[PDB]
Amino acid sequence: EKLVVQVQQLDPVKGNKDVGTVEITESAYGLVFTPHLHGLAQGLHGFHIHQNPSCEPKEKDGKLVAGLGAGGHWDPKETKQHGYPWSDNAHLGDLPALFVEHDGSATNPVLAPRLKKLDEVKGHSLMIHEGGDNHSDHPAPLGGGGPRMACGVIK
């Protein structure tokens, strides 16, 4: 009847810290992602489900870049393109952008109409990027979210 994702802000060098959680429920129109995050940068952020059920980084050129353990966006239907949460051409893991209040709190729930059961999302990660999401691979790849600001494993 529910799923509570332990969301933590990413940081390879010093350490991961718990920013709150995200509960995933089923509605008659798809999975609902309701967060109770506190202490994040304000604004709209890219919100997507990734491949590997891990939130640990991967260094490159010495410079460790957070969240790479998660891999790319979850794409079991191999569309090979980033898009809208309501488009069949998009990665199945593409969710609506997440809003973080002026006080760093995320409490506005979003719907992923293409996901029906809680089981589908298990064994994958939940990523929250630094930038937004224009739901296209242009002008920037993967909606332009960029650096991975927060993450959590869906168990």
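Note that residue numbering follows the sequence shown and begins at 1.
- Once the C-alpha B-factors are averaged per stretch, 12-20 and 139-147 rank with 12-20 first.
- Looking at mean Cα B-factors across 29-37 and 51-59, the upper value is held by 51-59.
- Highest CA B-factor among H91, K116, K122, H129, as stated in the entry: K122.
- Per the PDB record, residue ranking by Cα B-factor puts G67 in the highest third of the chain.
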